[PDB]
Every structure is written in C-alpha cells, then in structure tokens.
2 protein chains.
Amino acid sequence: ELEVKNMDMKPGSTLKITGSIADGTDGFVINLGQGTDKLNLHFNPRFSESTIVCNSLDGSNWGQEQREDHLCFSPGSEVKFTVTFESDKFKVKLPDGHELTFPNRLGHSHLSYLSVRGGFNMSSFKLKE
Amino acid sequence: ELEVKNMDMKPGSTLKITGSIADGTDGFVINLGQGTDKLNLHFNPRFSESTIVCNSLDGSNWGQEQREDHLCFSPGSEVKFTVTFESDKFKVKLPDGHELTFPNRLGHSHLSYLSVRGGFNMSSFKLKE
C-alpha cells in the first residue's frame, strides 16, 4: 500500500517508521528513493528465507542484493525502523537495536519517495535531521 | 507538493499531523479524500485573509466554503493538527486546542488520499486505529 511522494529527505536525515507486520506473511518492503524507477534503498525483510534483503533499483536494473541474517522481528505486532541517510551509506536501526548498513549506489543526495509493499500496515511516520 | 497515496483511513480513526509552517507564507493546504478530484476535506488556513476556509471537491465542482476565524498559530515554528474522520463530519483539532467541525459532503467509506500544499513542511504523520 502506502506511497509517499515529494518528501524532503536530505543527507543526515533520520527517518522514523512504525507499523504492524501482518500475520502469516512472507515479508514486506520499505522503499526509499526518487520514484518507483529509482530506488536508493530496497528494504525487504523475508521471514520465509529468514533474511533481510537490501538492494537498489535503477530503471529496469536491479543491483546486487545484500542479505542480513538477524531477522529478529516477527509478524503480528508493532515494529519501528529508523533509516539514517548519508550520501554514501544507509543506516537502519532495527527493533532489537542492531543496525544495518547499505551503500547508496545511486549516488543521489535527496530522497523524495517512500513506498511500503507486502504485509506491512504503516501507522506512523516521522522525518527529523 | 507532498502526497500520501494508498492509505486506508476508516471512520473512527484519528489522523495527527506535525510539521513546520514556512516563514512568510500566505497559507497552506491540507487535502483529505480519495484522490485529486476527490477531496472530502479541503483544509486551508489563510494567514493573509486571517481565515481557515474549509470545502469539498467533487471532481470539477467545489462545494460551498466554510470560514473559521480562529487562526492561533504562526509561521516559523512546529505546529500540530489532528483530523478525526467520522461518517458524517470531520473534527479538526487546532494547535491551541479549538475543535472545528466540517461535514462530510461526499460520504463514502474510504479515505485514501492525503496531500500537503503551500508553505507547510509536514515532519510527522500518524494514524491511530
């Protein structure tokens, strides 16, 4: 579902995201970038594969995935994420507290697009630098 | 201009908005509805005209305006609005504390569209239900 167009996320901006993971779901997708053609951060936790997949979309080109094990969070309840945005790296605070790092391959310096996909009902959203 | 598409706001749910009013701006617009041609709530504080004009949009037809004279919030600071959605009316809480009631001309069940226009930089977005 949710789509957020035309937000102003500059380098150093800290994004706060909170919602409920649907019960009995494969996974969900949080996307940060310029649009659906240019995705700087492809955040895709997968309970089925017990991994968190991070990638980038540039037009019709997907970059190479990076997979993170921890997969601590489970479906059925409220979960908070925190995406810190630097023009070289993305930092992602997890529910437990551990952090994830993914390189900004698109070399951009401004994030405008947020879209939640899969089994995740976003309830709140906060943008602070 | 800011847009939030593909959300699911049902009657009884509360929408709270925190942002920053731009310094030296005429006013700003909050659009609640189901599209760009479907505005159930047109929330438009006008600092110049010193009135908050409320209206509905039905495709190519604006409804009839409802003007309020309780602008008690000023440009250049963090400000908060709360829009509770009911099947008959919208109840908008103002930062000072005043509640404004505006009828739901369009009816319907489903609120899917939010967009902020003018000199207003929404920093936070939260849904409760």
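Structure determination for this PDB entry is given in the record as X-ray crystallography, at a resolution of 3.2000 Å.

A.B. asks: Please set out the relation of the copies chain B and chain A residue by residue, giving values where relevant.
C.D. replies: Superposing chain B onto chain A requires a rotation of 180° together with a translation of 0.3 Å along the rotation axis, leaving an RMSD of 0.5 Å. Put plainly, the chains are arranged around a two-fold axis. Both copies contact each other with a shared surface, as 100% of the interface residues of chain B are interface residues in chain A too.

A.B. asks: Report on the pattern of salt bridges, specifying residues and quantitative values.
C.D. replies: This structure, assessed with the given rule, holds twelve salt bridges over all chains. The salt bridge partner of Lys93(A) is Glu99(A), with a shortest N-O separation of 3.8 Å. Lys93(A) gets classed as partly exposed once you look at its relative accessible area, which sits at 35%. A relative accessible area of 41% means that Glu99(A) is categorised as partly exposed. The partner of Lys38(B) in a salt bridge is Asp58(B), with the nearest N and O atoms 4.0 Å apart. One end of the pair, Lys38(B), is in strand β4 (residues 38–46); the other, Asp58(B), is in strand β5 (residues 51–58), with 20 residues separating them in the sequence.

A.B. asks: I'd love a proper account of the environment of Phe90(A), names of residues and values included.
C.D. replies: All names here are of chain A. Tracing the chain through its elements places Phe90 in strand β9 (residues 89–93). Once the C-alpha coordinates of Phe90 and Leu111 are considered, the two residues, 21 residues apart in sequence, prove to be 12 Å apart. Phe90 has contacts with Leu32, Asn40, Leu41, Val83, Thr84, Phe85, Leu100, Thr101, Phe102, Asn104 and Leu111, leaving out every residue within four places of it along the chain.

A.B. asks: Go over a positive patch on the surface, please, and point to the residues and values.
C.D. replies: A contiguous patch of positive charge, built from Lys16(A), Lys80(A), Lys16(B), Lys80(B), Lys126(B) and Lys128(B), is present on the exposed surface. With respect to the helices and strands, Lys16(A) occurs in strand β2 (residues 14–21).

A.B. asks: Please set out the interface of chain B and chain A residue by residue, giving values where relevant.
C.D. replies: Counting residues at the interface gives twelve residues for chain B, matched by 13 residues for chain A. Those elements giving two or more residues to the side of chain B that touches chain A turn out to be β1 (2–5) and β12 (120–128) of chain B. No other element matches β12(B), which puts five residues into the side of chain B that touches chain A. Here the residues of the side of chain B that touches chain A are counted per class, giving five nonpolar, three polar and four charged. Looking at chain direction, strand β1 (residues 3–5) of chain A and β1(B) are connected through three bridges and run antiparallel. Residue pairing across strands places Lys5(A) opposite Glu3(B), the latter belonging to β1(B).

A.B. asks: Summarise the side chain of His42(A); cite the residues concerned and give the values.
C.D. replies: All names here are of chain A. Along the chain, the position of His42 falls in strand β4 (residues 38–46). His42 sits in the buried class, given a relative accessible area of 11%. Setting aside residues no more than four positions away along its own chain, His42 makes contact with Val29, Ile30, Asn31, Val53, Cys54, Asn55, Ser56 and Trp62.

A.B. asks: Describe the pairing of β1(B), and please don't skip the residues or the numbers.
C.D. replies: As defined by bridge partners, β1(B) adjoins strand β11 (residues 113–118) of chain B across three bridges and the pair is classed as antiparallel. Paired with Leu2(B) across the bridge in β11(B) is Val116(B).

A.B. asks: Describe in detail the UniProt feature "binding site: a beta-D-galactoside" in chain A, supporting the description with residues and values.
C.D. replies: Residues and elements named next belong to chain A. As annotated by UniProt and renumbered to match this structure, "binding site: a beta-D-galactoside" occupies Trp62, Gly63, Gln64, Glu65, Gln66, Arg67 and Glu68. Assignment of secondary structure puts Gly63 in the loop between β6 (61–62) and β7 (66–68). Take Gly63: its relative accessible area is 31%, and that puts it in the partly exposed class. Each residue touching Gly63, except ones within four places of it in the same chain, is listed here: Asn55, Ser56 and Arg105. Relative to the helices and strands, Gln66 is located in strand β7. In contact with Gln66, other than residues within four places in its own chain, are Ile52, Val53, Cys54, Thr101, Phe102, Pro103 and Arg105.

About the cut-offs
Residues numbered from 1 in each chain as written, not as in the entry; some residues may be left out. Chains lettered and ligands numbered in written order. Heavy atoms only, no water. Residues with missing side-chain atoms left out of burial classes, pairs and counts. Least-squares fit on C-alpha atoms. Contact = heavy atoms within 4.5 Å. Salt bridge = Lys/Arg side-chain N within 4 Å of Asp/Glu carboxyl O. Buried < 20%, exposed > 50% of the residue type's maximum accessible area, 1.4 Å probe, protein only. Helix = DSSP H or I, 4+ residues; strand = E, 2+ residues; numbered from the N terminus. Patch = residues over 30% accessible without salt bridge, like charges linked within 9 Å, V, L, I, M, F, W, Y side chains within 5 Å. Areas by Shrake-Rupley, 256 points an atom, 1.4 Å probe, with all protein chains shown as cover. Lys, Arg positive; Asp, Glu negative; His and termini not counted. Charge placed at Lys NZ, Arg CZ, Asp CG, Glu CD. Nonpolar A, V, L, I, M, F, W, Y, C, P; charged D, E, K, R; others polar. Pairing = 2+ DSSP bridges. UniProt positions renumbered as here; feature names shortened; annotations may be inferred.

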